[PDB]
Amino acid sequence: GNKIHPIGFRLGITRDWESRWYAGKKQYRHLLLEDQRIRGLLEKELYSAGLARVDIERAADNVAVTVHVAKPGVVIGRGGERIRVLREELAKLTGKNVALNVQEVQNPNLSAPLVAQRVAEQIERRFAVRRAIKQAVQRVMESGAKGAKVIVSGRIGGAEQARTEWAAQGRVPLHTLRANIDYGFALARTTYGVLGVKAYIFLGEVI
Amino acid sequence: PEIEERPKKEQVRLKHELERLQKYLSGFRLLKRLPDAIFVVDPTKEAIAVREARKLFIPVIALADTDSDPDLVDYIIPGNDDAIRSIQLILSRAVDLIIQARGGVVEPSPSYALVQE
Amino acid sequence: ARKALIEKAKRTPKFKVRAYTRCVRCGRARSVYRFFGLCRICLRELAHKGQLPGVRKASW
RNA sequence: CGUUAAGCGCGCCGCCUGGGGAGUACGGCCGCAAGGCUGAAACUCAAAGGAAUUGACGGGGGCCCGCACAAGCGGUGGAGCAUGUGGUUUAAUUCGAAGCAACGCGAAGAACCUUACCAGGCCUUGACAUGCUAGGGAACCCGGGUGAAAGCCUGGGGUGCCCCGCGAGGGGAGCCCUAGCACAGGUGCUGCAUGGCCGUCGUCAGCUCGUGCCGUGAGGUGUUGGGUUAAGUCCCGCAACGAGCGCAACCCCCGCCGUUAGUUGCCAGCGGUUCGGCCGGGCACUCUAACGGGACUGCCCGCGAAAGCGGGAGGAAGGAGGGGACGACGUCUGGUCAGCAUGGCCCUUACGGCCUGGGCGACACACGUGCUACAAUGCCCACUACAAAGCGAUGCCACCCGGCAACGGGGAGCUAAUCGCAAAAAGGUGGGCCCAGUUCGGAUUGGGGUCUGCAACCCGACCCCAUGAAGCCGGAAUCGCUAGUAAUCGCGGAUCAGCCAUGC
RNA sequence: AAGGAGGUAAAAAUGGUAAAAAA
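Numbers attached to residues count from 1 within each chain as its sequence is written and can disagree with those in the entry; no residue without coordinates is shown. Throughout, the order in which chains and ligands are written sets their labels, letters from A for the former and numbers from 1 for the latter. All reported values concern the displayed chains, which form part of a larger assembly. Note that water and hydrogens are dropped before the side-chain values are worked out from all heavy atoms of the structure.

Labelled according to the PDB entry, chain C appears under the name 30S ribosomal protein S14 type Z, originating from Thermus thermophilus. According to its PDB record, this entry is titled "70S ribosome translocation intermediate GDPNP-I containing elongation factor EFG/GDPNP, mRNA, and tRNA bound in the pe*/E state". Heading Function of the UniProt record for chain C holds this comment: "Binds 16S rRNA, required for the assembly of 30S particles and may also be responsible for determining the conformation of the 16S rRNA at the A site." UniProt positions are given in the numbering used here, feature names are shortened, and annotations may be inferred rather than shown by experiment. The annotation that UniProt attaches to chain C under Sequence similarities is "Belongs to the universal ribosomal protein uS14 family. Zinc-binding uS14 subfamily."

Naming follows the PDB entry, where chain A appears as 30S ribosomal protein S3 of Thermus thermophilus. In the Function part of its UniProt record, chain A is described as follows: "Binds the lower part of the 30S subunit head. Binds mRNA in the 70S ribosome, positioning it for translation (By similarity)." According to the UniProt record, the Sequence similarities comment for chain A is "Belongs to the universal ribosomal protein uS3 family."

### What to know about empty space enclosed by the protein
Residues and elements named next belong to chain A. Cavities and pockets were defined on a 1 Å grid built over protein atoms only: a cavity is a set of grid points that admits a 1.4 Å probe from which the probe cannot escape, a pocket is an open set flanked by protein on both sides within 12 Å along at least five of seven lines, and lining residues are those with an atom within 4 Å of any such point. Grid points are joined across faces, edges and corners, and a volume is the space filled by probe spheres set on the points. Applying the stated criterion to the full structure yields four cavities of 30 Å³ or more. The computed volume of the largest cavity comes to approximately 170 Å³. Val119, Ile123, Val129, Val152 and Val197 are, among the 21 residues lining the largest cavity, the residues nearest its centre. Among the secondary structure elements, those contributing two or more residues to the lining of the largest cavity are helix 5 (112-124), helix 6 (129-141), strand 4 (147-153), strand 6 (181-190) and strand 7 (193-202). Tallied by class, the residues present in the lining of the largest cavity amount to 14 nonpolar, six polar and one charged. Considering only enclosed or pocket space, the second largest cavity measures out at about 50 Å³ in volume. Each helix corresponds to a stretch of at least 4 residues labelled H or I by DSSP, and each strand to a stretch of at least 2 residues labelled E; elements are numbered beginning at the N terminus. Here the element with the most residues in the lining of the second largest cavity is helix 2 (residues 28-45); it accounts for four residues. Residue polarity follows a fixed list, in which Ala, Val, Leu, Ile, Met, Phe, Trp, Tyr, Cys and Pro are nonpolar, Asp, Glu, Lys and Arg are charged, and the others, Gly among them, are polar. Of the residues in the lining of the second largest cavity, the class split is five nonpolar, no polar and three charged.

### Some words on the protein's contact with RNA strand D
For each residue, the test is whether any non-hydrogen atom lies within 4 Å of the molecule or strand; if one does, the residue is near. Within the structure, RNA strand D sits among 64 residues, and A:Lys3, A:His175, A:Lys198, C:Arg28 and C:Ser31 are positioned closest to it. Of all atoms in RNA strand D that approach within 4 Å of the protein, 78% are sugar or phosphate atoms. Pairs of N or O atoms are called polar contacts if they sit within 3.5 Å, as long as, within protein, a hydrogen donor faces a hydrogen acceptor (for residues adjacent in sequence, only side-chain-to-side-chain pairs). Side-chain polar atom of A:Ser153 to a phosphate oxygen of RNA strand D: 2.9 Å apart, as the coordinates give it. A:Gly193 places a polar main-chain atom, nitrogen or oxygen, 3.0 Å from a sugar or linking oxygen of RNA strand D. Elements that contribute at least two residues to the surface near RNA strand D include exactly strand 7 of chain A, helix 1 (8-24) and helix 2 (46-56) of chain B together with helix 1 (3-9) and helix 2 (40-48) of chain C. Among the residues forming the surface near RNA strand D, the class breakdown is 22 nonpolar, 14 polar and 28 charged.

### What to know about the pattern of salt bridges
Salt bridges are counted wherever a side-chain nitrogen of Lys or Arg sits within 4 Å of a carboxyl oxygen of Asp or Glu. Counted by the stated rule, this structure contains 14 salt bridges over all chains. Ionic pairing is found between A:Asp16 and A:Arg20, a salt bridge with its closest N-O pair at 3.9 Å. Measuring nitrogen to oxygen at the nearest pair gives 2.5 Å for the salt bridge that ties B:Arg54 to B:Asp74. One end of the pair, B:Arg54, is in helix 2; the other, B:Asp74, is in the loop between helix 2 and helix 3 (84-98), with 20 residues separating them in the sequence. You can call B:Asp74 partly exposed: its relative accessible area is 34%. Buried means the residue's accessible area, taken with a 1.4 Å probe over protein chains only, is under 20% of the maximum for its type, while exposed means over 50%, and partly exposed covers the values in between.

Written out as structure tokens, the structure is:
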């Protein structure tokens, strides 16, 4: 039925807040408002190289953003003439001191948001669902993971019946904690509908 | 020192399974490679055994009483299986026989107490 | 109507008593927990998706 | 199937050759008749079949569990009020949800706002963004007519900047105006095109992988067998041995102890005192809130092959310690396009947009969840008691005062363990009522008051005093609940001008 | 009794849901 965000349950010692800044009772709103706007217009632009996490810090002008990209290469631009315009606008609609920090994660086939990103985008480019996606779960357990699952729900190929085609390989202990799982859902848009791409990836015990 | 570390009931069930493999794989814990032939007692039960061996092309020695077929075995021994003393004679003999291929001739000792009491 | 409605209050009219809260991450007035300036479904989508500090998937 | 062969062989007879047409047509023999025996075709479909496997299903059954019943304590139905609802109706009474899984449900604050509904006034390159053609205005500060208001016709100001200027000027940009355009927009339909998100079966114990073995194989196995548990929990068996998601565990609240720590607490221990933690002092105790330890059938005894059970203790803690989040594989085309996105269909000076009104609260009934009750284990007035949690800056609001009060005028402290919301109430301790439509119960009713808000008619809460209905403890039926649970009693927060909150 | 089994028993007030069609 539900499943609930592993995330919205991993906020113990397994998922530390995406946005780390204390707030005043009154303040809270407008702060998060500008915040979600940052992530927002960032999303439209700095997608180009897989935007996973978006680490946020705020003390008092301390607008530190640690954009976990996927590969900041052809995204910082030559000499940083693209990091420039982004920090620029960042300042344009943030009445304080901005930060960029392109902290991409070492490895691709980890952190399910970008996994599912490529996943849904393959269907976005019409491609073979079960074939290339089984190849995706494949690639995950071909990277060194411990359990990969990709649910893809919606109008495959049209045909009224919106199935929920599902594939998996490796253990996915969702009721556990220490085990740690990364969850990421891509919002797949068929030219003819909206199908939901979703992925869980397992890591391991002890941590 | 996995003692003070890890929960106590964890130890408990691990002790249970400990004696699972202990009791059930008592003798067998060195049975390596293909064990040449079988030997085995009342040929029926240990013809679930002889079945698996019969497939493995592991020559069948085993010991037989009146009811169970002989031909499924390649090296058959007729005689009683009922009483302790049957396999006492036959096995003890067999054992200081394989150890006749060895050396020791240690006094034939076991059974005798439980042989009737 | 919808689009015009958010604009109706977004610009404060005549009387103080004609303002009504607005989920700026979904767009409604019903059950918008003013503390966050977020509706209830917008609330849960934010807190769940990890994009909300101070909270806790409470278990008290 | 297997010495009663459906086994290995031999003799002989009848009989088979797609399902359907059909054991029917015609013909021959037959019978009192009913009918038989014999026995085809055209045409028509591309399948009809036999077993055996999986699973849904079943008005078959066996075992299993549960407030299912039993066993007890209090209730809904009975009356008045609240809200939800059918129906009913109006110009509109705006939609959604429908046995359980809709009915105090979206709605966690509908007077106009909200608002999607109606009558009317009116705008429409549109309240919103996006860019071009050709034109003008600098942005932009005020005002008059008009009107219910949006809208509408004008009037005072006004002339910041780039280039070329002690001169004249134009073009260019934010910048608004008008035509034209590309467009916006639509809570219009479509959840039977969808995502996501909840429901729900259901914390029900279920769904499977691996090598091996059985089966020509589909596949079975493992997972069917017995005792046991909340449990596919564990043991025993056992052609299997195990392994993963489920159950559990790792997570939090709550109970015992500790170490850090002392503006909460205190003579607990000392001094004094305005004897009131009030003045110094101190960390002992509460507390606070952190980092661990502590419980595993670990110990003791009797039973069972073990899994477990009985009895006893050590201990704050027994046999899962109490709770909470936690909810699989899957079904159900559940619910939702009126939170959002959303494929499509669709109106585009009207299904778009503003305003003012009116409805969402209507009434010949019906229904679910509810508050109160109908009374002496009680109602009433006086004195004292112990709460826990959650709040409070343009808010919390102690205090005197005016007011019987509603609340109003002057007024302290307060970014809070230090200030206030705030009186917990039942308990207890005195006095009244004397069994009565009662000092019961306030349902409703009139002449007046307070508060918020532009505004309280529809349609607000709250105050006064006069009114004081039904109600004598509820038939069929039907609900809750297994321990600090039920029953009883008070308290806060959410969103909110206010408040319909008896709701959550 | 532990089972499989051969003969004799008990056991259902009610109903219509269409179907072009997905993996």
